[PDB]
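Student: Have a peek at final.cif (mmCIF, N, CA and C atoms).
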```cif
data_structure
loop_
_atom_site.label_atom_id
_atom_site.label_comp_id
_atom_site.auth_asym_id
_atom_site.auth_seq_id
_atom_site.Cartn_x
_atom_site.Cartn_y
_atom_site.Cartn_z
N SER N 1 10.77 -3.41 5.36
CA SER N 1 10.35 -2.51 4.24
C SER N 1 8.99 -2.91 3.69
N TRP N 2 8.48 -2.13 2.74
CA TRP N 2 7.16 -2.37 2.15
C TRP N 2 7.08 -3.60 1.25
N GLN N 3 8.21 -4.05 0.71
CA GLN N 3 8.25 -5.29 -0.07
C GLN N 3 7.89 -6.52 0.76
N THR N 4 8.29 -6.51 2.04
CA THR N 4 7.92 -7.56 3.00
C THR N 4 6.41 -7.66 3.19
N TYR N 5 5.74 -6.51 3.23
CA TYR N 5 4.28 -6.44 3.35
C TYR N 5 3.53 -7.03 2.16
N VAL N 6 4.03 -6.80 0.95
CA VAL N 6 3.40 -7.34 -0.26
C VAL N 6 3.59 -8.85 -0.30
N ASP N 7 4.83 -9.28 -0.12
CA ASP N 7 5.20 -10.70 -0.21
C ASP N 7 4.54 -11.55 0.87
N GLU N 8 4.63 -11.11 2.12
CA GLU N 8 4.11 -11.88 3.27
C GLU N 8 2.66 -11.61 3.69
N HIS N 9 2.10 -10.44 3.36
CA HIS N 9 0.73 -10.08 3.79
C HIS N 9 -0.29 -9.75 2.69
N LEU N 10 0.13 -9.73 1.43
CA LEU N 10 -0.79 -9.63 0.29
C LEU N 10 -0.73 -10.86 -0.62
N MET N 11 0.48 -11.28 -0.98
CA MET N 11 0.69 -12.47 -1.81
C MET N 11 0.73 -13.78 -1.00
N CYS N 12 0.38 -13.73 0.29
CA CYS N 12 0.23 -14.92 1.13
C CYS N 12 -0.81 -15.90 0.58
N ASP N 13 -0.76 -17.13 1.10
CA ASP N 13 -1.75 -18.16 0.78
C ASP N 13 -3.06 -17.82 1.50
N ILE N 14 -4.17 -17.85 0.75
CA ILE N 14 -5.49 -17.45 1.28
C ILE N 14 -6.06 -18.61 2.10
N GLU N 15 -6.74 -18.28 3.20
CA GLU N 15 -7.17 -19.26 4.21
C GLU N 15 -8.13 -20.34 3.69
N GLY N 16 -7.86 -21.59 4.04
CA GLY N 16 -8.63 -22.75 3.55
C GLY N 16 -8.55 -22.95 2.04
N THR N 17 -7.44 -22.51 1.45
CA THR N 17 -7.25 -22.48 0.00
C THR N 17 -5.75 -22.63 -0.28
N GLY N 18 -5.40 -23.03 -1.50
CA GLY N 18 -4.01 -22.97 -1.98
C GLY N 18 -3.74 -21.73 -2.83
N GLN N 19 -4.80 -20.99 -3.15
CA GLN N 19 -4.75 -19.83 -4.04
C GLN N 19 -4.04 -18.65 -3.39
N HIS N 20 -3.68 -17.70 -4.22
CA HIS N 20 -3.20 -16.40 -3.76
C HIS N 20 -3.49 -15.37 -4.85
N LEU N 21 -3.38 -14.09 -4.49
CA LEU N 21 -3.64 -13.00 -5.43
C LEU N 21 -2.72 -13.12 -6.64
N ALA N 22 -3.25 -12.77 -7.81
CA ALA N 22 -2.47 -12.77 -9.05
C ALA N 22 -1.31 -11.79 -8.96
N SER N 23 -1.58 -10.63 -8.36
CA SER N 23 -0.55 -9.65 -8.05
C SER N 23 -1.03 -8.71 -6.95
N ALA N 24 -0.14 -7.85 -6.47
CA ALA N 24 -0.47 -6.92 -5.41
C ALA N 24 0.51 -5.77 -5.37
N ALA N 25 0.11 -4.70 -4.68
CA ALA N 25 0.96 -3.53 -4.49
C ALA N 25 0.50 -2.67 -3.33
N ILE N 26 1.41 -1.82 -2.86
CA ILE N 26 1.10 -0.78 -1.88
C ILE N 26 1.60 0.53 -2.47
N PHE N 27 0.68 1.48 -2.65
CA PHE N 27 0.98 2.83 -3.12
C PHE N 27 0.79 3.81 -1.98
N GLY N 28 1.40 4.99 -2.12
CA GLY N 28 1.04 6.14 -1.30
C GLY N 28 -0.23 6.75 -1.86
N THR N 29 -0.96 7.48 -1.03
CA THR N 29 -2.15 8.22 -1.47
C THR N 29 -1.82 9.30 -2.52
N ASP N 30 -0.55 9.71 -2.58
CA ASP N 30 -0.03 10.56 -3.66
C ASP N 30 0.18 9.85 -5.01
N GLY N 31 0.09 8.52 -5.03
CA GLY N 31 0.18 7.74 -6.27
C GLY N 31 1.54 7.17 -6.60
N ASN N 32 2.52 7.37 -5.72
CA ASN N 32 3.84 6.77 -5.87
C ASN N 32 3.79 5.37 -5.28
N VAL N 33 4.20 4.38 -6.07
CA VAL N 33 4.27 2.99 -5.60
C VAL N 33 5.36 2.83 -4.54
N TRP N 34 5.02 2.17 -3.44
CA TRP N 34 5.98 1.83 -2.38
C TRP N 34 6.55 0.43 -2.56
N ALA N 35 5.68 -0.51 -2.92
CA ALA N 35 6.09 -1.88 -3.22
C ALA N 35 5.03 -2.56 -4.07
N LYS N 36 5.47 -3.52 -4.87
CA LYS N 36 4.58 -4.28 -5.75
C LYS N 36 5.13 -5.68 -6.00
N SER N 37 4.23 -6.59 -6.36
CA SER N 37 4.63 -7.95 -6.71
C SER N 37 5.26 -7.96 -8.09
N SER N 38 6.01 -9.03 -8.37
CA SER N 38 6.75 -9.17 -9.63
C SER N 38 5.86 -9.10 -10.87
N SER N 39 4.66 -9.68 -10.77
CA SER N 39 3.68 -9.70 -11.87
C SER N 39 2.58 -8.63 -11.73
N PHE N 40 2.87 -7.53 -11.03
CA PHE N 40 1.92 -6.43 -10.90
C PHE N 40 1.85 -5.68 -12.24
N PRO N 41 0.62 -5.36 -12.71
CA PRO N 41 0.45 -4.76 -14.04
C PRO N 41 1.23 -3.47 -14.25
N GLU N 42 1.78 -3.32 -15.45
CA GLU N 42 2.52 -2.12 -15.84
C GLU N 42 1.54 -0.95 -16.02
N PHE N 43 1.14 -0.38 -14.89
CA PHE N 43 0.17 0.72 -14.82
C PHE N 43 0.70 2.00 -15.46
N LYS N 44 -0.24 2.84 -15.91
CA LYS N 44 0.05 4.13 -16.52
C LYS N 44 -0.28 5.22 -15.50
N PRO N 45 0.40 6.39 -15.58
CA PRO N 45 0.19 7.42 -14.55
C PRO N 45 -1.26 7.91 -14.41
N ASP N 46 -1.94 8.14 -15.53
CA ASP N 46 -3.31 8.67 -15.51
C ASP N 46 -4.36 7.68 -14.97
N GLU N 47 -4.04 6.38 -15.01
CA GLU N 47 -4.86 5.35 -14.35
C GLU N 47 -4.83 5.48 -12.83
N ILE N 48 -3.67 5.83 -12.30
CA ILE N 48 -3.50 6.02 -10.86
C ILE N 48 -4.18 7.31 -10.41
N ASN N 49 -4.05 8.38 -11.20
CA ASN N 49 -4.78 9.63 -10.95
C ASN N 49 -6.30 9.43 -10.87
N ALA N 50 -6.82 8.60 -11.77
CA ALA N 50 -8.24 8.26 -11.79
C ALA N 50 -8.68 7.54 -10.52
N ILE N 51 -7.85 6.61 -10.05
CA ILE N 51 -8.10 5.89 -8.79
C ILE N 51 -8.04 6.84 -7.60
N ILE N 52 -7.08 7.77 -7.61
CA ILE N 52 -6.97 8.80 -6.58
C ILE N 52 -8.19 9.72 -6.60
N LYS N 53 -8.65 10.07 -7.79
CA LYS N 53 -9.84 10.92 -7.95
C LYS N 53 -11.14 10.21 -7.53
N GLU N 54 -11.18 8.88 -7.67
CA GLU N 54 -12.33 8.07 -7.26
C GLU N 54 -12.49 8.00 -5.74
N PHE N 55 -11.39 8.01 -5.00
CA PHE N 55 -11.47 8.12 -3.54
C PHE N 55 -11.88 9.53 -3.07
N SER N 56 -11.54 10.55 -3.86
CA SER N 56 -11.96 11.94 -3.59
C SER N 56 -13.41 12.24 -4.04
N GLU N 57 -13.84 11.61 -5.13
CA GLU N 57 -15.19 11.77 -5.69
C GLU N 57 -15.76 10.40 -6.07
N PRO N 58 -16.38 9.68 -5.11
CA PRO N 58 -16.85 8.32 -5.38
C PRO N 58 -17.89 8.20 -6.51
N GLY N 59 -17.84 7.08 -7.23
CA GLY N 59 -18.73 6.80 -8.35
C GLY N 59 -18.41 7.48 -9.68
N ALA N 60 -17.25 8.14 -9.78
CA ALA N 60 -16.85 8.84 -11.01
C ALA N 60 -16.46 7.86 -12.12
N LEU N 61 -15.86 6.73 -11.75
CA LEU N 61 -15.43 5.70 -12.70
C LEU N 61 -16.51 4.66 -13.01
N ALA N 62 -17.68 4.75 -12.37
CA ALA N 62 -18.73 3.74 -12.51
C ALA N 62 -19.27 3.57 -13.94
N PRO N 63 -19.65 4.67 -14.62
CA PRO N 63 -20.16 4.51 -15.99
C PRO N 63 -19.12 4.06 -17.02
N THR N 64 -17.88 4.55 -16.88
CA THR N 64 -16.84 4.38 -17.89
C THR N 64 -15.83 3.26 -17.60
N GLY N 65 -15.58 2.99 -16.32
CA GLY N 65 -14.75 1.87 -15.89
C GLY N 65 -13.44 2.28 -15.25
N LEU N 66 -12.83 1.33 -14.55
CA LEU N 66 -11.53 1.51 -13.90
C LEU N 66 -10.47 0.83 -14.76
N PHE N 67 -9.43 1.57 -15.13
CA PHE N 67 -8.38 1.04 -16.00
C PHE N 67 -7.08 0.81 -15.24
N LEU N 68 -6.45 -0.34 -15.47
CA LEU N 68 -5.12 -0.64 -14.93
C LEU N 68 -4.29 -1.40 -15.95
N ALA N 69 -3.14 -0.82 -16.33
CA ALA N 69 -2.28 -1.34 -17.40
C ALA N 69 -3.06 -1.60 -18.69
N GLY N 70 -3.98 -0.69 -19.02
CA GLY N 70 -4.84 -0.81 -20.20
C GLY N 70 -6.08 -1.69 -20.06
N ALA N 71 -6.17 -2.47 -18.99
CA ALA N 71 -7.26 -3.42 -18.78
C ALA N 71 -8.40 -2.74 -18.05
N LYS N 72 -9.60 -2.81 -18.62
CA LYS N 72 -10.78 -2.20 -18.04
C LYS N 72 -11.44 -3.15 -17.04
N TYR N 73 -11.73 -2.62 -15.86
CA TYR N 73 -12.48 -3.33 -14.83
C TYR N 73 -13.86 -2.69 -14.73
N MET N 74 -14.90 -3.50 -14.86
CA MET N 74 -16.27 -3.09 -14.59
C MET N 74 -16.33 -2.74 -13.12
N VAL N 75 -16.64 -1.49 -12.80
CA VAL N 75 -16.70 -1.05 -11.41
C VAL N 75 -17.93 -1.66 -10.75
N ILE N 76 -17.77 -2.10 -9.50
CA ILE N 76 -18.87 -2.65 -8.70
C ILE N 76 -18.96 -1.86 -7.39
N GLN N 77 -19.94 -2.21 -6.56
CA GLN N 77 -20.18 -1.55 -5.28
C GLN N 77 -18.92 -1.52 -4.40
N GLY N 78 -18.67 -0.36 -3.80
CA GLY N 78 -17.54 -0.15 -2.88
C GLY N 78 -17.89 0.86 -1.80
N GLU N 79 -17.02 0.94 -0.79
CA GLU N 79 -17.18 1.88 0.32
C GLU N 79 -16.65 3.25 -0.12
N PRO N 80 -17.44 4.33 0.05
CA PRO N 80 -16.99 5.64 -0.47
C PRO N 80 -15.73 6.17 0.20
N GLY N 81 -14.72 6.50 -0.61
CA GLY N 81 -13.45 7.01 -0.12
C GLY N 81 -12.54 6.00 0.55
N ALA N 82 -12.97 4.74 0.61
CA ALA N 82 -12.29 3.70 1.38
C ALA N 82 -11.88 2.52 0.52
N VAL N 83 -12.83 1.94 -0.23
CA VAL N 83 -12.58 0.77 -1.08
C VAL N 83 -13.16 0.98 -2.47
N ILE N 84 -12.37 0.65 -3.49
CA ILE N 84 -12.83 0.57 -4.88
C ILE N 84 -12.76 -0.89 -5.29
N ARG N 85 -13.83 -1.36 -5.94
CA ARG N 85 -13.95 -2.76 -6.34
C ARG N 85 -14.30 -2.86 -7.82
N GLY N 86 -13.67 -3.80 -8.51
CA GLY N 86 -13.83 -3.97 -9.96
C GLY N 86 -13.85 -5.41 -10.43
N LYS N 87 -14.57 -5.65 -11.52
CA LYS N 87 -14.71 -6.96 -12.14
C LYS N 87 -14.12 -6.92 -13.54
N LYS N 88 -13.26 -7.89 -13.84
CA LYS N 88 -12.75 -8.10 -15.19
C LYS N 88 -12.98 -9.56 -15.54
N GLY N 89 -14.21 -9.86 -15.96
CA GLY N 89 -14.62 -11.23 -16.30
C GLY N 89 -14.52 -12.15 -15.10
N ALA N 90 -13.60 -13.11 -15.18
CA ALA N 90 -13.32 -14.03 -14.08
C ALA N 90 -12.58 -13.33 -12.95
N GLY N 91 -11.57 -12.54 -13.30
CA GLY N 91 -10.75 -11.83 -12.32
C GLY N 91 -11.41 -10.59 -11.74
N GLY N 92 -10.62 -9.82 -11.01
CA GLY N 92 -11.07 -8.54 -10.45
C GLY N 92 -9.97 -7.80 -9.72
N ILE N 93 -10.36 -6.71 -9.07
CA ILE N 93 -9.43 -5.83 -8.38
C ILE N 93 -10.10 -5.23 -7.14
N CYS N 94 -9.33 -5.12 -6.06
CA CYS N 94 -9.78 -4.53 -4.81
C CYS N 94 -8.73 -3.49 -4.42
N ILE N 95 -9.15 -2.25 -4.22
CA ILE N 95 -8.23 -1.16 -3.84
C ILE N 95 -8.72 -0.57 -2.52
N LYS N 96 -7.93 -0.72 -1.46
CA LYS N 96 -8.29 -0.24 -0.12
C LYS N 96 -7.42 0.95 0.27
N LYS N 97 -8.06 2.08 0.57
CA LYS N 97 -7.36 3.29 1.01
C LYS N 97 -7.31 3.36 2.53
N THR N 98 -6.14 3.70 3.06
CA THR N 98 -5.92 3.93 4.48
C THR N 98 -5.64 5.44 4.65
N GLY N 99 -5.13 5.85 5.81
CA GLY N 99 -4.73 7.24 6.03
C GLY N 99 -3.65 7.75 5.09
N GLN N 100 -2.63 6.91 4.84
CA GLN N 100 -1.46 7.29 4.04
C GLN N 100 -1.14 6.38 2.85
N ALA N 101 -1.92 5.31 2.65
CA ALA N 101 -1.62 4.30 1.64
C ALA N 101 -2.84 3.88 0.84
N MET N 102 -2.57 3.20 -0.27
CA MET N 102 -3.58 2.53 -1.06
C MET N 102 -3.07 1.13 -1.33
N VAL N 103 -3.81 0.13 -0.85
CA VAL N 103 -3.41 -1.27 -0.98
C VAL N 103 -4.18 -1.91 -2.13
N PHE N 104 -3.45 -2.36 -3.15
CA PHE N 104 -4.02 -2.99 -4.35
C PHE N 104 -3.97 -4.51 -4.26
N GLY N 105 -5.08 -5.15 -4.61
CA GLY N 105 -5.14 -6.61 -4.76
C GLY N 105 -5.80 -6.94 -6.08
N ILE N 106 -5.17 -7.81 -6.86
CA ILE N 106 -5.71 -8.26 -8.15
C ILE N 106 -5.78 -9.78 -8.12
N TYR N 107 -6.96 -10.32 -8.42
CA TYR N 107 -7.20 -11.76 -8.36
C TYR N 107 -7.64 -12.32 -9.70
N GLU N 108 -7.61 -13.65 -9.79
CA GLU N 108 -8.09 -14.39 -10.95
C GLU N 108 -8.92 -15.57 -10.47
N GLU N 109 -9.64 -16.21 -11.40
CA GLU N 109 -10.40 -17.41 -11.08
C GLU N 109 -9.44 -18.49 -10.59
N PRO N 110 -9.78 -19.23 -9.52
CA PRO N 110 -11.12 -19.26 -8.90
C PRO N 110 -11.32 -18.37 -7.66
N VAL N 111 -10.51 -17.32 -7.49
CA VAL N 111 -10.58 -16.47 -6.29
C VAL N 111 -11.82 -15.57 -6.35
N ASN N 112 -12.57 -15.53 -5.25
CA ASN N 112 -13.78 -14.70 -5.14
C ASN N 112 -13.43 -13.24 -4.89
N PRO N 113 -14.34 -12.30 -5.24
CA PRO N 113 -14.14 -10.89 -4.86
C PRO N 113 -14.12 -10.67 -3.35
N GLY N 114 -14.83 -11.53 -2.60
CA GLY N 114 -14.81 -11.49 -1.14
C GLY N 114 -13.49 -11.88 -0.49
N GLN N 115 -12.74 -12.77 -1.14
CA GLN N 115 -11.46 -13.24 -0.61
C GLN N 115 -10.31 -12.29 -0.93
N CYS N 116 -10.32 -11.68 -2.12
CA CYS N 116 -9.42 -10.56 -2.43
C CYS N 116 -9.68 -9.40 -1.48
N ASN N 117 -10.96 -9.13 -1.25
CA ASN N 117 -11.39 -8.08 -0.34
C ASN N 117 -10.98 -8.37 1.11
N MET N 118 -10.99 -9.64 1.50
CA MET N 118 -10.50 -10.07 2.82
C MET N 118 -9.01 -9.78 3.02
N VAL N 119 -8.18 -10.19 2.05
CA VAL N 119 -6.73 -9.97 2.13
C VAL N 119 -6.39 -8.49 2.17
N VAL N 120 -7.00 -7.73 1.26
CA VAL N 120 -6.73 -6.31 1.07
C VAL N 120 -7.25 -5.44 2.22
N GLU N 121 -8.50 -5.66 2.65
CA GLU N 121 -9.08 -4.91 3.78
C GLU N 121 -8.44 -5.24 5.12
N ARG N 122 -8.05 -6.51 5.32
CA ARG N 122 -7.38 -6.93 6.55
C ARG N 122 -6.06 -6.18 6.73
N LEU N 123 -5.26 -6.11 5.68
CA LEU N 123 -3.99 -5.38 5.72
C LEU N 123 -4.20 -3.88 5.85
N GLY N 124 -5.11 -3.34 5.05
CA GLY N 124 -5.49 -1.94 5.14
C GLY N 124 -5.91 -1.54 6.54
N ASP N 125 -6.75 -2.36 7.17
CA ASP N 125 -7.22 -2.11 8.53
C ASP N 125 -6.14 -2.24 9.60
N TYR N 126 -5.13 -3.08 9.37
CA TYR N 126 -3.97 -3.14 10.26
C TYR N 126 -3.17 -1.83 10.20
N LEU N 127 -2.90 -1.36 8.98
CA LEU N 127 -2.17 -0.10 8.77
C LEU N 127 -2.92 1.14 9.28
N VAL N 128 -4.25 1.07 9.30
CA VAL N 128 -5.09 2.11 9.92
C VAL N 128 -4.94 2.11 11.45
N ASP N 129 -4.94 0.92 12.06
CA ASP N 129 -4.77 0.80 13.52
C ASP N 129 -3.37 1.20 14.00
N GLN N 130 -2.35 0.94 13.19
CA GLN N 130 -0.97 1.39 13.47
C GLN N 130 -0.74 2.90 13.22
N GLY N 131 -1.75 3.60 12.71
CA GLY N 131 -1.71 5.06 12.56
C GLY N 131 -1.28 5.53 11.19
N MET N 132 -1.59 4.75 10.16
CA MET N 132 -1.26 5.08 8.78
C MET N 132 -2.44 4.80 7.86
N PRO O 1 9.25 10.87 0.39
CA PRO O 1 9.60 9.45 0.46
C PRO O 1 8.49 8.60 1.10
N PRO O 2 8.50 7.27 0.87
CA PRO O 2 7.57 6.42 1.62
C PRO O 2 7.90 6.44 3.12
N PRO O 3 6.88 6.55 3.99
CA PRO O 3 7.16 6.49 5.42
C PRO O 3 7.56 5.07 5.83
N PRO O 4 8.34 4.93 6.92
CA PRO O 4 8.69 3.59 7.39
C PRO O 4 7.46 2.74 7.72
N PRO O 5 7.44 1.48 7.26
CA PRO O 5 6.32 0.62 7.61
C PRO O 5 6.29 0.32 9.10
N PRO O 6 5.10 0.06 9.66
CA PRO O 6 5.05 -0.32 11.07
C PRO O 6 5.59 -1.73 11.27
N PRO O 7 5.77 -2.14 12.54
CA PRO O 7 6.20 -3.51 12.84
C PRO O 7 5.28 -4.55 12.19
N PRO O 8 5.86 -5.60 11.58
CA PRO O 8 5.04 -6.67 10.99
C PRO O 8 3.99 -7.24 11.96
N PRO O 9 2.75 -7.47 11.47
CA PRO O 9 1.71 -8.07 12.32
C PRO O 9 1.99 -9.55 12.66
N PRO O 10 1.30 -10.10 13.69
CA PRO O 10 1.60 -11.45 14.17
C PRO O 10 1.19 -12.54 13.17
#
```
The structure in this file should be written as structure tokens.
Tutor:
Amino acid sequence: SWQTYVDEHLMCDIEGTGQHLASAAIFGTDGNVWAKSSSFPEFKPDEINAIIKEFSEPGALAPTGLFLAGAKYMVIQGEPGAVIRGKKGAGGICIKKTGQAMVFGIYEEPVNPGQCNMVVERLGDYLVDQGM
Amino acid sequence: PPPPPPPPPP
């Protein structure tokens, strides 16, 4: 099931490190959560709609910010329709869209935006190769 | 519904 993917392939130990993502999830592109980590933020429906709209119209959240469970992430450079990236002080967020899914990764210090992006894009790219 | 996940990667 999808819970296995979050636990074993998102919340895994990051390479050459003891760290791991603060939380993670896998959503459908329709915005229904398929699986999430125990400490995944209590997101609101309109926050997910905004993320869905950002993959349809890139750069829409850039001036105003990306919100998750009330927490604002300063939007940073991302791949249009594919990856959304955000900064919240020390922490951040990486959202990777595939054919049928959206893979969320949320990190904290000392995890880099590149390492969250590695975990999230690696899994996203596997699900793309498997035809999803 | 969520579609079935593919086989776990190596």
Student: Counting all atoms listed in the file, a student should be able to say which residues of chain O come within 7 Å of chain N; what is the right answer, written as a PyMOL selection string?
Tutor: chain O and resi 2+4-6
Student: Give me, as a ChimeraX atom specification, all polymer residues having an atom no more than 7 Å from residue N:56, counting all atoms listed in the file and skipping those fewer than 4 positions away in the same chain.
Tutor: /N:51-52,81
Student: Would you save the residues from that selection as a PDB file, keeping the file's coordinate frame, using N, CA and C atoms?
Tutor:
```
ATOM      1  N   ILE N  51      -7.850   6.610 -10.050  1.00  0.00           N
ATOM      2  CA  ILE N  51      -8.100   5.890  -8.790  1.00  0.00           C
ATOM      3  C   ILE N  51      -8.040   6.840  -7.600  1.00  0.00           C
ATOM      4  N   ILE N  52      -7.080   7.770  -7.610  1.00  0.00           N
ATOM      5  CA  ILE N  52      -6.970   8.800  -6.580  1.00  0.00           C
ATOM      6  C   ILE N  52      -8.190   9.720  -6.600  1.00  0.00           C
ATOM      7  N   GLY N  81     -14.720   6.500  -0.610  1.00  0.00           N
ATOM      8  CA  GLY N  81     -13.450   7.010  -0.120  1.00  0.00           C
ATOM      9  C   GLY N  81     -12.540   6.000   0.550  1.00  0.00           C
TER      10      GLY N  81
END
```
Student: Using atom N of residue N:63 and atom CA of residue N:124 as the two end points, give the distance in Å to one decimal.
Tutor: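 Interatomic distance here is 25.2 Å.
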Student: List as a list in words the protein and nucleic acid residues near residue N:73, meaning an atom at most 9 Å away when only C-alpha atoms are counted, but skip any in the same chain fewer than 6 places from it.
Tutor: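 Here the answer would be residues 65, 66, 67, 85, 86, 87, 88, 89, 92 and 93 of chain N.
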Student: Pull out every residue that the PyMOL selection byres ((chain N and resi 105) around 7) matches in the shown coordinates and put them as a PyMOL selection string.
Tutor: chain N and resi 21-25+92-96+103-104+106-107+116+120
Student: Could you find all residues in stretch 4-84 of chain N that DSSP calls strand (DSSP E) from the backbone, and write them as a list in words?
Tutor: residues 23, 24, 25, 26, 27, 28, 33, 34, 35, 36, 66, 67, 68, 71, 72, 73, 74, 75, 76, 83 and 84 of chain N
Student: Could you spell out the hits of the PyMOL selection byres (((chain N and resi 110 and name CA) around 10) and name CA) on the shown file, as a list in words?
Tutor: residues 19, 20, 90, 91, 107, 108, 109, 111, 112 and 113 of chain N
Student: Between N:122, N:115, N:75, N:55, which one has atoms that come closest to residue N:16, using only C-alpha atoms?
Tutor: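 For residue N:16, the nearest of the given residues is N:115.
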Student: Do you have the atom CA of residue N:54-atom C of residue N:117 distance handy?
Tutor: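 These two atoms are separated by 18.5 Å.
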Student: If I take atom CA of residue N:43 and atom N of residue N:17, how far is one from the other in Å, to one decimal?
Tutor: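 If I compute the distance from atom CA of residue N:43 to atom N of residue N:17, I get 29.4 Å.
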Student: Hey, what does DSSP flag as helix (DSSP H, G or I) within stretch 24-111 of chain N? Can you give it to me as a count of residues only?
Tutor: 12
